[PDB]
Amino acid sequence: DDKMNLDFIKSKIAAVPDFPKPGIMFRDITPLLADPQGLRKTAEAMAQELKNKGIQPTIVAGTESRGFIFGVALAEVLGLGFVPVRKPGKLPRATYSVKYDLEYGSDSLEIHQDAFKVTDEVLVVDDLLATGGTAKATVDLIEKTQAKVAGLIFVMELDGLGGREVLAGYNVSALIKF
């Protein structure tokens, strides 16, 4: 049944050549999203992996924006709250901020200082693990609140781009690997 669910999720991810630049094979979640069971089966597969691993978060965090999609769907399945990790300048009350490296330049993410209780074990959700830059900035952000990271889970991991190493010391799951 787990292979079967995983095969369904895999069967809805398109591969798109040369996007956003030449040479990059883009992994496209839109057909998964569009299917009436796509999000639900994805979030149920995520819950199964977490259960297998004994990971029991208290709340879910997602980054702007595809963290919002899968994070909200997973939060629903687990009966948990959700916290947005936003681009800078969007959150209205006091925030923490963490800068991360891009190929050229840098950027930041923020969370409300009060987003997590100090007893929270936070599950980070996102679509795709590549370099792990925004995932690590997310972990740092959570830790600023004094809450603890329960783990990180992705729909997809890109083999060999170093994300999982960047996230050493944290439990990392990914449903599909490319």
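One rule holds for the numbers: they count along the sequence shown, beginning at 1.
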Per the entry, higher mean C-alpha B factor between 71 to 79 and 95 to 103: 95 to 103
Comparing 10 to 18 with 162 to 170, which has the greater mean CA B-factor as deposited? 162 to 170
Of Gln56, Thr30, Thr42, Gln113, which one's C-alpha B factor is largest in the deposited record? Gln56
Quick check for you: using the entry's CA B-factors within this chain, is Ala130 in the lowest, middle or highest third? middle
Sorting by Cα B-factor within the chain, modelled residues only, which third would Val122 end up in: lowest, middle or highest? lowest
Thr138: which third of its chain by C-alpha temperature factor? lowest
